[PDB]
Amino acid sequence: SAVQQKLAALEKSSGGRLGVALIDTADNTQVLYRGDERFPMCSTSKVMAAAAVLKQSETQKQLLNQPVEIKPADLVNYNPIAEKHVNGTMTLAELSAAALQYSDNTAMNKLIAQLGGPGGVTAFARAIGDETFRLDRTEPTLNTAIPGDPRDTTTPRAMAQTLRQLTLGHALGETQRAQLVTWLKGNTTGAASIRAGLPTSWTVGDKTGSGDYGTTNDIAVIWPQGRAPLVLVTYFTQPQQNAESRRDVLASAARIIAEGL
Ligand SMILES: *[B@@]1([O])O[C][C]([C][O])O1
């Protein structure tokens with residue numbers, strides 16, 4: 001199809017490996033490019049950790065207000081929000097927001113701890129029907145993005161379906177789903193990625209990811225004005241360990257998808 005030829009050309013021009021999955025919820029049609037190949041999730045995995053904590057809060061009603069101490073030893077490589085609260089506390093809600101909207105790695109590690117380890121995050125994925133997602137490591141080593149390594153990967157198809165279920169479906173309770181949507185819509189790290197290839201009038205909620213091998217990812221829910229929402233996952237990785245990020249590729253892939261609608 002036209003869109004798949006344009007995505008292939010974009011990939012060829014980029015020098016890397018591009019994975020795309022689009023779900024149009026109007027007719028549940030899907031557009032896939034390398035949709036069943038594994039890609040390193042990097043920080044896109046933070047959505048799953050936050051959603052797992054939200055699921056816990058359906059039974060533990062006060063869980064998100066639980067204070068969690070941030071100690072100096074907790075700080076890792078990228079902690080824009082946690083750094084502001086060293087030797088103090090953040091609630092689980094604040095940690096979830098930080099992980100999602102600022103991609104805070106300390107916050108992610110606290111979420112993982114709350115879930116009983118990476119296996120607890122993976123288990124949540126399995127519980128909502130995602131057989132592909134696997135989280136194996138904590139921050140920052142889950143971002144190594146080594147070619148061929150299946151750790152800390154998923155496929156575009158799987159992540160699109162899971163993101164749909166979490167945000168537009170009913171994998172979470174009503175208050176929890178709404179909270180997740182609010183968090184994603186307030187992301188601060190996404191301006192140069194999917195959002196940049198879409199009409200400025202569309203509302204987007206997204207989570208970016210970055211890692212070694214120039215890995216540059218973004219997963220989004222998109223609410224076009226007067227039109228069913230769309231779920232779009234764009235994963236990109238490159239052959240050189242020290243390659244630069246290529247957010248423009250994700251913007252271009254989004255633009256190509258948007259043109260075909
Ligand atoms: B994710 O991918 O977003 C930023 C941080 C950097 O380690 O991880």
Side-chain angles (χ1 to χ4, degrees), residues 14 16-21 34-35 37-52 76-82 95-96 98-112 115 117-118 121-122 124-125 130 132-160 162-163 166 183-184 187-195 205-221 231-251 253-254:
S14 77
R17 184 171 64 103
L18 175 67
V20 182
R34 301 191 188 281
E37 297 192 21
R38 284 191 177 265
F39 288 82
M41 284 184 288
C42 302
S43 292
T44 67
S45 62
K46 292 169 176 158
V47 177
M48 196 70 17
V76 289
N77 63 324
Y78 185 65
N79 341 282
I81 308 301
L95 285 165
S96 296
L100 292 174
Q101 304 184 318
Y102 293 85
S103 219
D104 191 298
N105 281 343
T106 291
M108 169 62 154
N109 280 352
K110 294 296 199 187
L111 296 176
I112 295 173
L115 297 164
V121 186
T122 301
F124 174 68
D130 183 333
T132 303
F133 177 100
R134 51 183 289 175
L135 192 76
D136 294 279
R137 288 173 294 175
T138 58
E139 298 284 8
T141 59
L142 68 88
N143 300 308
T144 48
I146 291 161
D149 181 0
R151 292 174 296 175
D152 309 297
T153 61
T154 194
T155 67
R157 184 209 291 272
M159 186 61 101
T162 289
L163 188 68
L166 292 174
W183 280 336
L184 294 169
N187 183 35
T188 75
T189 65
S193 295
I194 287 171
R195 289 172 192 261
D206 81 293
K207 179 74 199 81
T208 56
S210 174
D212 290 345
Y213 285 89
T215 297
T216 310
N217 301 331
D218 197 14
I219 69 177
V221 187
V231 177
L232 172 66
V233 162
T234 56
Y235 285 95
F236 183 69
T237 192
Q238 301 181 67
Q240 310 86 4
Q241 180 198 327
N242 51 4
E244 81 203 297
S245 68
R246 291 289 307 271
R247 290 181 214 103
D248 62 293
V249 168
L250 313 187

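As a basis for the values below, the full set of heavy atoms in this structure was taken, side chains included, without hydrogen atoms, waters or symmetry mates. Here, residue 1 is the first one in the sequence, and each next residue gets the next number.
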Holding to salt bridge (charged side-chain N to carboxylate O under 4.0 Å, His left out), I want the full list of residues that pass it with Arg247, two or more places apart in sequence or in another chain.
none
All heavy atoms of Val20 vs all of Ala253, minimum pair found to be CG2-CB, 4.4 Å
Please list, chain by chain and in numerical order, all residues satisfying side chain to side chain contact (heavy atoms under 4.5 Å, CB included) with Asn77, sequence neighbours excluded.
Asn105, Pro140
Can you tell if the side chain of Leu142 reaches within under 4.5 Å of the side chain of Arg151, non-hydrogen atoms only?
no
Can you list every salt bridge (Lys or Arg N to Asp or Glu O under 4.0 Å) pair that touches residues 137-148, not counting sequence neighbours?
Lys46-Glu139, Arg137-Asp152
What are the two closest non-hydrogen atoms of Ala160 and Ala21, and how far apart are they?
CB-CB, 3.9 Å
Does any non-hydrogen side-chain atom of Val47 lie less than 4.5 Å from one of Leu100?
yes
Residues which pass ring-ring contact (aromatic ring centres under 6.0 Å, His included) with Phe236, listed by chain and number, not counting sequence neighbours:
none
Between atom OG of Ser43 and atom CG of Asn143, what is the distance when rounded to the nearest 0.5 Å?
5.5 Å
Give, for atom OG1 of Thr155 and atom CZ of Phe133, the distance between the pair rounded to the nearest 0.5 Å.
12.0 Å
Applying side-chain hydrogen bond (donor to acceptor under 3.5 Å, both in side chains) to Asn79 and not counting sequence neighbours gives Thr106
Does a side-chain heavy-atom distance below 4.5 Å link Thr216 with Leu250?
yes
Could you give the distance from OG1 (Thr215) to CD (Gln241), rounded to the nearest 0.5 Å?
10.5 Å
Contacts of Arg34 that satisfy salt bridge (charged side-chain N to carboxylate O under 4.0 Å, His left out) - sequence neighbours left out
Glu11, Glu37
Shortest non-hydrogen pair, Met41 vs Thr154, comes out as CG-CG2, 3.6 Å
Return the minimal non-hydrogen interatomic distance between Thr138 and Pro118, and the atom names on each side.
CG2-CG, 4.3 Å
Is there side-chain contact between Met48 and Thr122, with at least one heavy-atom pair below 4.5 Å?
no
Can you find a pair of side-chain heavy atoms, one from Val249 and one from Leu18, that are under 4.5 Å apart?
yes
Between the main-chain N or O of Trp183 and the side-chain N or O of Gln101, is there a donor-acceptor pair closer than 3.5 Å?
yes
To the nearest 0.5 Å, tell me how far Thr237 OG1 sits from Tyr213 OH.
9.0 Å
Quiz question: by atom type and distance under 3.5 Å, do the side chains of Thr189 and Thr208 form a donor-acceptor pair?
yes
Do the side chains of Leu135 and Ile112 get nearer than 4.5 Å, heavy atoms only?
yes
So, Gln238 side chain and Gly214 main chain: donor-acceptor pair closer than 3.5 Å or not?
yes
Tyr235 vs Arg17 side-chain heavy atoms within contact, under 4.5 Å:
no
Taking C-beta and beyond as the side chain, do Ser96 and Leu111 meet within less than 4.5 Å on heavy atoms?
yes
Heavy-atom closest pair, residues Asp136 and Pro150
OD2-O, 4.4 Å
Could you tell me the separation between the CZ atom of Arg195 and the CG atom of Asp206, rounded to the nearest 0.5 Å?
4.5 Å
What distance do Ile194 atom CD1 and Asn217 atom CG have between them, rounded to the nearest 0.5 Å?
9.5 Å
Contact summary for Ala107 and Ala99, nearest pair of heavy atoms
CB-N, 3.7 Å
Side-chain H-bond candidate by donor/acceptor type, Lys207 with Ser45, under 3.5 Å
no
